[PDB]
>>> print(open('input_13.pdb').read())   # PDB, N, CA, C and O atoms
ATOM      1  N   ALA A   1    -114.000  28.777  53.009  1.00  0.00           N
ATOM      2  CA  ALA A   1    -114.306  29.205  51.621  1.00  0.00           C
ATOM      3  C   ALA A   1    -113.130  29.959  51.011  1.00  0.00           C
ATOM      4  O   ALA A   1    -113.293  31.058  50.479  1.00  0.00           O
ATOM      5  N   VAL A   2    -111.945  29.363  51.094  1.00  0.00           N
ATOM      6  CA  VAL A   2    -110.740  29.976  50.551  1.00  0.00           C
ATOM      7  C   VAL A   2    -109.780  28.919  50.026  1.00  0.00           C
ATOM      8  O   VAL A   2    -109.862  27.746  50.394  1.00  0.00           O
ATOM      9  N   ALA A   3    -108.869  29.347  49.165  1.00  0.00           N
ATOM     10  CA  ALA A   3    -107.885  28.447  48.583  1.00  0.00           C
ATOM     11  C   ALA A   3    -106.669  28.304  49.491  1.00  0.00           C
ATOM     12  O   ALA A   3    -105.750  29.122  49.444  1.00  0.00           O
ATOM     13  N   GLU A   4    -106.672  27.263  50.319  1.00  0.00           N
ATOM     14  CA  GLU A   4    -105.568  27.016  51.241  1.00  0.00           C
ATOM     15  C   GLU A   4    -105.187  25.539  51.269  1.00  0.00           C
ATOM     16  O   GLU A   4    -104.079  25.169  50.883  1.00  0.00           O
ATOM     17  N   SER A   5    -106.110  24.696  51.726  1.00  0.00           N
ATOM     18  CA  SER A   5    -105.855  23.263  51.806  1.00  0.00           C
ATOM     19  C   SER A   5    -106.607  22.504  50.713  1.00  0.00           C
ATOM     20  O   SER A   5    -107.779  22.768  50.448  1.00  0.00           O
ATOM     21  N   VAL A   6    -105.913  21.562  50.090  1.00  0.00           N
ATOM     22  CA  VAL A   6    -106.487  20.749  49.023  1.00  0.00           C
ATOM     23  C   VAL A   6    -105.829  19.372  48.986  1.00  0.00           C
ATOM     24  O   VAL A   6    -104.733  19.220  48.451  1.00  0.00           O
ATOM     25  N   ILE A   7    -106.491  18.366  49.559  1.00  0.00           N
ATOM     26  CA  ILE A   7    -105.928  17.021  49.594  1.00  0.00           C
ATOM     27  C   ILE A   7    -107.010  15.951  49.678  1.00  0.00           C
ATOM     28  O   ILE A   7    -107.187  15.322  50.720  1.00  0.00           O
ATOM     29  N   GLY A   8    -107.733  15.740  48.585  1.00  0.00           N
ATOM     30  CA  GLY A   8    -108.774  14.731  48.589  1.00  0.00           C
ATOM     31  C   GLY A   8    -109.000  14.108  47.224  1.00  0.00           C
ATOM     32  O   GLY A   8    -109.414  14.775  46.279  1.00  0.00           O
ATOM     33  N   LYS A   9    -108.717  12.820  47.133  1.00  0.00           N
ATOM     34  CA  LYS A   9    -108.874  12.063  45.922  1.00  0.00           C
ATOM     35  C   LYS A   9    -109.315  10.666  46.326  1.00  0.00           C
ATOM     36  O   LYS A   9    -109.218  10.317  47.502  1.00  0.00           O
ATOM     37  N   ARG A  10    -109.797   9.853  45.399  1.00  0.00           N
ATOM     38  CA  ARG A  10    -110.231   8.519  45.798  1.00  0.00           C
ATOM     39  C   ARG A  10    -109.085   7.513  45.781  1.00  0.00           C
ATOM     40  O   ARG A  10    -109.288   6.316  45.979  1.00  0.00           O
ATOM     41  N   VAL A  11    -107.886   8.017  45.544  1.00  0.00           N
ATOM     42  CA  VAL A  11    -106.680   7.198  45.515  1.00  0.00           C
ATOM     43  C   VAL A  11    -105.444   8.059  45.789  1.00  0.00           C
ATOM     44  O   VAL A  11    -105.543   9.106  46.426  1.00  0.00           O
ATOM     45  N   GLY A  12    -104.284   7.615  45.311  1.00  0.00           N
ATOM     46  CA  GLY A  12    -103.059   8.358  45.527  1.00  0.00           C
ATOM     47  C   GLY A  12    -102.627   9.137  44.304  1.00  0.00           C
ATOM     48  O   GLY A  12    -103.187   8.968  43.221  1.00  0.00           O
ATOM     49  N   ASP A  13    -101.628   9.994  44.479  1.00  0.00           N
ATOM     50  CA  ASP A  13    -101.117  10.805  43.383  1.00  0.00           C
ATOM     51  C   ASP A  13     -99.987  10.083  42.659  1.00  0.00           C
ATOM     52  O   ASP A  13     -98.936  10.664  42.393  1.00  0.00           O
ATOM     53  N   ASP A  14    -100.212   8.813  42.345  1.00  0.00           N
ATOM     54  CA  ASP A  14     -99.210   8.011  41.659  1.00  0.00           C
ATOM     55  C   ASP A  14     -99.640   7.705  40.223  1.00  0.00           C
ATOM     56  O   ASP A  14     -99.349   8.473  39.306  1.00  0.00           O
ATOM     57  N   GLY A  15    -100.326   6.581  40.029  1.00  0.00           N
ATOM     58  CA  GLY A  15    -100.780   6.212  38.702  1.00  0.00           C
ATOM     59  C   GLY A  15    -102.045   5.376  38.746  1.00  0.00           C
ATOM     60  O   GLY A  15    -102.246   4.498  37.909  1.00  0.00           O
ATOM     61  N   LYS A  16    -102.900   5.653  39.726  1.00  0.00           N
ATOM     62  CA  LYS A  16    -104.143   4.911  39.884  1.00  0.00           C
ATOM     63  C   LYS A  16    -105.158   5.700  40.702  1.00  0.00           C
ATOM     64  O   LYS A  16    -105.539   5.291  41.792  1.00  0.00           O
ATOM     65  N   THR A  17    -105.601   6.826  40.161  1.00  0.00           N
ATOM     66  CA  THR A  17    -106.581   7.672  40.835  1.00  0.00           C
ATOM     67  C   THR A  17    -107.999   7.227  40.525  1.00  0.00           C
ATOM     68  O   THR A  17    -108.213   6.312  39.728  1.00  0.00           O
ATOM     69  N   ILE A  18    -108.971   7.874  41.159  1.00  0.00           N
ATOM     70  CA  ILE A  18    -110.357   7.507  40.954  1.00  0.00           C
ATOM     71  C   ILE A  18    -111.314   8.696  41.016  1.00  0.00           C
ATOM     72  O   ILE A  18    -112.111   8.888  40.097  1.00  0.00           O
ATOM     73  N   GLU A  19    -111.258   9.496  42.074  1.00  0.00           N
ATOM     74  CA  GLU A  19    -112.210  10.589  42.175  1.00  0.00           C
ATOM     75  C   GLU A  19    -111.717  11.760  43.004  1.00  0.00           C
ATOM     76  O   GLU A  19    -110.882  11.620  43.887  1.00  0.00           O
ATOM     77  N   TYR A  20    -112.319  12.900  42.706  1.00  0.00           N
ATOM     78  CA  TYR A  20    -112.010  14.197  43.316  1.00  0.00           C
ATOM     79  C   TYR A  20    -112.691  14.502  44.657  1.00  0.00           C
ATOM     80  O   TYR A  20    -113.862  14.200  44.879  1.00  0.00           O
ATOM     81  N   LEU A  21    -111.903  15.111  45.557  1.00  0.00           N
ATOM     82  CA  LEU A  21    -112.381  15.548  46.862  1.00  0.00           C
ATOM     83  C   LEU A  21    -111.537  16.736  47.344  1.00  0.00           C
ATOM     84  O   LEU A  21    -110.329  16.613  47.513  1.00  0.00           O
ATOM     85  N   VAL A  22    -112.155  17.895  47.539  1.00  0.00           N
ATOM     86  CA  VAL A  22    -111.413  19.065  48.011  1.00  0.00           C
ATOM     87  C   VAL A  22    -111.663  19.268  49.509  1.00  0.00           C
ATOM     88  O   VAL A  22    -112.800  19.191  49.972  1.00  0.00           O
ATOM     89  N   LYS A  23    -110.597  19.524  50.254  1.00  0.00           N
ATOM     90  CA  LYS A  23    -110.708  19.751  51.689  1.00  0.00           C
ATOM     91  C   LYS A  23    -109.953  21.013  52.084  1.00  0.00           C
ATOM     92  O   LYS A  23    -108.732  21.082  51.953  1.00  0.00           O
ATOM     93  N   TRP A  24    -110.684  22.009  52.567  1.00  0.00           N
ATOM     94  CA  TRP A  24    -110.076  23.269  52.972  1.00  0.00           C
ATOM     95  C   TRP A  24    -109.483  23.169  54.372  1.00  0.00           C
ATOM     96  O   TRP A  24    -109.628  22.151  55.049  1.00  0.00           O
ATOM     97  N   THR A  25    -108.814  24.233  54.797  1.00  0.00           N
ATOM     98  CA  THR A  25    -108.191  24.271  56.112  1.00  0.00           C
ATOM     99  C   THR A  25    -109.118  24.916  57.140  1.00  0.00           C
ATOM    100  O   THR A  25    -108.667  25.630  58.035  1.00  0.00           O
ATOM    101  N   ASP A  26    -110.414  24.657  57.002  1.00  0.00           N
ATOM    102  CA  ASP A  26    -111.410  25.205  57.916  1.00  0.00           C
ATOM    103  C   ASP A  26    -112.724  24.437  57.803  1.00  0.00           C
ATOM    104  O   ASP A  26    -113.297  24.013  58.807  1.00  0.00           O
ATOM    105  N   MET A  27    -113.193  24.260  56.570  1.00  0.00           N
ATOM    106  CA  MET A  27    -114.436  23.539  56.317  1.00  0.00           C
ATOM    107  C   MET A  27    -114.199  22.384  55.349  1.00  0.00           C
ATOM    108  O   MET A  27    -114.432  22.508  54.147  1.00  0.00           O
ATOM    109  N   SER A  28    -113.736  21.258  55.886  1.00  0.00           N
ATOM    110  CA  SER A  28    -113.456  20.078  55.075  1.00  0.00           C
ATOM    111  C   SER A  28    -114.635  19.737  54.168  1.00  0.00           C
ATOM    112  O   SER A  28    -115.781  20.075  54.465  1.00  0.00           O
ATOM    113  N   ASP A  29    -114.339  19.067  53.058  1.00  0.00           N
ATOM    114  CA  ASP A  29    -115.368  18.669  52.103  1.00  0.00           C
ATOM    115  C   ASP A  29    -116.020  19.886  51.457  1.00  0.00           C
ATOM    116  O   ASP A  29    -117.164  20.224  51.760  1.00  0.00           O
ATOM    117  N   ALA A  30    -115.285  20.539  50.562  1.00  0.00           N
ATOM    118  CA  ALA A  30    -115.796  21.710  49.863  1.00  0.00           C
ATOM    119  C   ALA A  30    -116.231  21.350  48.453  1.00  0.00           C
ATOM    120  O   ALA A  30    -117.398  21.051  48.201  1.00  0.00           O
ATOM    121  N   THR A  31    -115.282  21.387  47.546  1.00  0.00           N
ATOM    122  CA  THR A  31    -115.528  21.046  46.151  1.00  0.00           C
ATOM    123  C   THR A  31    -114.818  19.723  45.816  1.00  0.00           C
ATOM    124  O   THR A  31    -115.116  18.705  46.438  1.00  0.00           O
ATOM    125  N   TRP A  32    -113.881  19.713  44.855  1.00  0.00           N
ATOM    126  CA  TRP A  32    -113.171  18.482  44.532  1.00  0.00           C
ATOM    127  C   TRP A  32    -111.784  18.761  43.947  1.00  0.00           C
ATOM    128  O   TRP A  32    -111.558  19.812  43.343  1.00  0.00           O
ATOM    129  N   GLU A  33    -110.849  17.818  44.124  1.00  0.00           N
ATOM    130  CA  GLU A  33    -109.501  17.970  43.590  1.00  0.00           C
ATOM    131  C   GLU A  33    -109.375  17.229  42.232  1.00  0.00           C
ATOM    132  O   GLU A  33    -109.601  17.842  41.191  1.00  0.00           O
ATOM    133  N   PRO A  34    -109.037  15.906  42.206  1.00  0.00           N
ATOM    134  CA  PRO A  34    -108.914  15.116  40.972  1.00  0.00           C
ATOM    135  C   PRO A  34    -109.744  15.639  39.771  1.00  0.00           C
ATOM    136  O   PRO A  34    -109.336  16.595  39.130  1.00  0.00           O
ATOM    137  N   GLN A  35    -110.885  15.029  39.444  1.00  0.00           N
ATOM    138  CA  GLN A  35    -111.696  15.480  38.308  1.00  0.00           C
ATOM    139  C   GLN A  35    -112.294  16.881  38.512  1.00  0.00           C
ATOM    140  O   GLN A  35    -113.508  17.054  38.411  1.00  0.00           O
ATOM    141  N   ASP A  36    -111.450  17.879  38.781  1.00  0.00           N
ATOM    142  CA  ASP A  36    -111.930  19.242  39.005  1.00  0.00           C
ATOM    143  C   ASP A  36    -110.877  20.284  38.622  1.00  0.00           C
ATOM    144  O   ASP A  36    -110.177  20.799  39.483  1.00  0.00           O
ATOM    145  N   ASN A  37    -110.793  20.636  37.345  1.00  0.00           N
ATOM    146  CA  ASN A  37    -109.804  21.615  36.888  1.00  0.00           C
ATOM    147  C   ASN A  37    -110.339  23.043  36.961  1.00  0.00           C
ATOM    148  O   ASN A  37    -110.029  23.879  36.111  1.00  0.00           O
ATOM    149  N   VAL A  38    -111.139  23.316  37.980  1.00  0.00           N
ATOM    150  CA  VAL A  38    -111.693  24.650  38.182  1.00  0.00           C
ATOM    151  C   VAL A  38    -110.763  25.497  39.051  1.00  0.00           C
ATOM    152  O   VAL A  38    -111.199  26.138  40.008  1.00  0.00           O
ATOM    153  N   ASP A  39    -109.477  25.486  38.713  1.00  0.00           N
ATOM    154  CA  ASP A  39    -108.472  26.248  39.448  1.00  0.00           C
ATOM    155  C   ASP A  39    -107.181  26.303  38.651  1.00  0.00           C
ATOM    156  O   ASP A  39    -106.595  27.365  38.440  1.00  0.00           O
ATOM    157  N   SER A  40    -106.761  25.131  38.224  1.00  0.00           N
ATOM    158  CA  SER A  40    -105.569  24.958  37.398  1.00  0.00           C
ATOM    159  C   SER A  40    -104.252  25.097  38.163  1.00  0.00           C
ATOM    160  O   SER A  40    -103.185  24.885  37.587  1.00  0.00           O
ATOM    161  N   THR A  41    -104.303  25.444  39.443  1.00  0.00           N
ATOM    162  CA  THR A  41    -103.071  25.591  40.215  1.00  0.00           C
ATOM    163  C   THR A  41    -103.029  24.654  41.418  1.00  0.00           C
ATOM    164  O   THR A  41    -102.072  23.899  41.592  1.00  0.00           O
ATOM    165  N   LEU A  42    -104.062  24.703  42.244  1.00  0.00           N
ATOM    166  CA  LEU A  42    -104.127  23.861  43.430  1.00  0.00           C
ATOM    167  C   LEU A  42    -104.806  22.542  43.132  1.00  0.00           C
ATOM    168  O   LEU A  42    -104.561  21.553  43.814  1.00  0.00           O
ATOM    169  N   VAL A  43    -105.670  22.521  42.127  1.00  0.00           N
ATOM    170  CA  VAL A  43    -106.361  21.293  41.783  1.00  0.00           C
ATOM    171  C   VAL A  43    -105.621  20.518  40.705  1.00  0.00           C
ATOM    172  O   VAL A  43    -105.268  19.356  40.901  1.00  0.00           O
ATOM    173  N   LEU A  44    -105.425  21.170  39.553  1.00  0.00           N
ATOM    174  CA  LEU A  44    -104.716  20.579  38.407  1.00  0.00           C
ATOM    175  C   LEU A  44    -103.634  19.590  38.847  1.00  0.00           C
ATOM    176  O   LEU A  44    -103.386  18.593  38.174  1.00  0.00           O
ATOM    177  N   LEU A  45    -102.991  19.883  39.977  1.00  0.00           N
ATOM    178  CA  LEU A  45    -101.962  19.001  40.516  1.00  0.00           C
ATOM    179  C   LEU A  45    -102.603  17.716  41.002  1.00  0.00           C
ATOM    180  O   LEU A  45    -102.267  16.636  40.520  1.00  0.00           O
ATOM    181  N   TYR A  46    -103.521  17.817  41.953  1.00  0.00           N
ATOM    182  CA  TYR A  46    -104.228  16.626  42.410  1.00  0.00           C
ATOM    183  C   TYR A  46    -105.066  16.062  41.256  1.00  0.00           C
ATOM    184  O   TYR A  46    -105.553  14.935  41.313  1.00  0.00           O
ATOM    185  N   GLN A  47    -105.246  16.886  40.222  1.00  0.00           N
ATOM    186  CA  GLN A  47    -105.939  16.507  39.015  1.00  0.00           C
ATOM    187  C   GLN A  47    -104.941  15.960  38.004  1.00  0.00           C
ATOM    188  O   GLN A  47    -105.327  15.404  36.988  1.00  0.00           O
ATOM    189  N   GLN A  48    -103.630  16.097  38.279  1.00  0.00           N
ATOM    190  CA  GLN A  48    -102.621  15.502  37.387  1.00  0.00           C
ATOM    191  C   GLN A  48    -103.059  14.052  37.195  1.00  0.00           C
ATOM    192  O   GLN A  48    -102.823  13.411  36.170  1.00  0.00           O
ATOM    193  N   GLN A  49    -103.710  13.584  38.260  1.00  0.00           N
ATOM    194  CA  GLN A  49    -104.356  12.312  38.318  1.00  0.00           C
ATOM    195  C   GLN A  49    -105.478  12.290  37.285  1.00  0.00           C
ATOM    196  O   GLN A  49    -105.497  11.458  36.380  1.00  0.00           O
ATOM    197  N   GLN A  50    -106.417  13.231  37.443  1.00  0.00           N
ATOM    198  CA  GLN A  50    -107.569  13.329  36.547  1.00  0.00           C
ATOM    199  C   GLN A  50    -107.389  14.291  35.378  1.00  0.00           C
ATOM    200  O   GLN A  50    -107.204  15.484  35.569  1.00  0.00           O
ATOM    201  N   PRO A  51    -107.501  13.796  34.134  1.00  0.00           N
ATOM    202  CA  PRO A  51    -107.387  14.652  32.953  1.00  0.00           C
ATOM    203  C   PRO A  51    -108.500  15.707  32.905  1.00  0.00           C
ATOM    204  O   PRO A  51    -108.472  16.608  32.068  1.00  0.00           O
ATOM    205  N   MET A  52    -109.488  15.572  33.803  1.00  0.00           N
ATOM    206  CA  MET A  52    -110.607  16.501  33.886  1.00  0.00           C
ATOM    207  C   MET A  52    -111.533  16.330  32.689  1.00  0.00           C
ATOM    208  O   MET A  52    -112.196  17.267  32.250  1.00  0.00           O
ATOM    209  N   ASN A  53    -111.569  15.107  32.173  1.00  0.00           N
ATOM    210  CA  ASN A  53    -112.417  14.774  31.040  1.00  0.00           C
ATOM    211  C   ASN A  53    -113.352  13.609  31.383  1.00  0.00           C
ATOM    212  O   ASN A  53    -114.093  13.130  30.525  1.00  0.00           O
ATOM    213  N   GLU A  54    -113.314  13.153  32.643  1.00  0.00           N
ATOM    214  CA  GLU A  54    -114.161  12.046  33.083  1.00  0.00           C
ATOM    215  C   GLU A  54    -113.764  10.746  32.393  1.00  0.00           C
ATOM    216  O   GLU A  54    -114.308  10.466  31.304  1.00  0.00           O
TER     217      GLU A  54
END
>>> encode(input="input_13.pdb", output="structure tokens")
Amino acid sequence: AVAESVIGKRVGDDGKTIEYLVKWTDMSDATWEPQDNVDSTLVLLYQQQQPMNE
């Protein structure tokens, strides 16, 4: 339950993403990365993929 590891999306960080998945460095499968701008620092990046507008 901390901001450390974040690497989960339904695709790659190139130009064809699909969905958000957040994975911590202790309890994998927490919240979400891509469509999840509830951080703006660790997610927004993996969300660079997702405009966070669905």
>>> resolve_selection(input="input_13.pdb", expression="the PyMOL selection byres ((chain A and resi 3) around 8)", output="VMD selection string")
chain A and resid 1 to 2 4 to 6 23 to 25 42
>>> resolve_selection(input="input_13.pdb", expression="the PyMOL selection byres ((chain A and resi 32-34) around 8)", output="ChimeraX atom specification")
/A:6-10,17-23,29-31,35-39,42-53
>>> atom_distance(input="input_13.pdb", atom1="atom N of residue 13 (chain A)", atom2="CA of residue 28 (chain A)")
18.8 Å
>>> select_by_dssp(input="input_13.pdb", residues="chain A", states="helix (DSSP H, G or I)", output="ChimeraX atom specification")
/A:43-46
>>> atom_distance(input="input_13.pdb", atom1="CA of residue 16 (chain A)", atom2="CA of residue 54 (chain A)")
14.1 Å
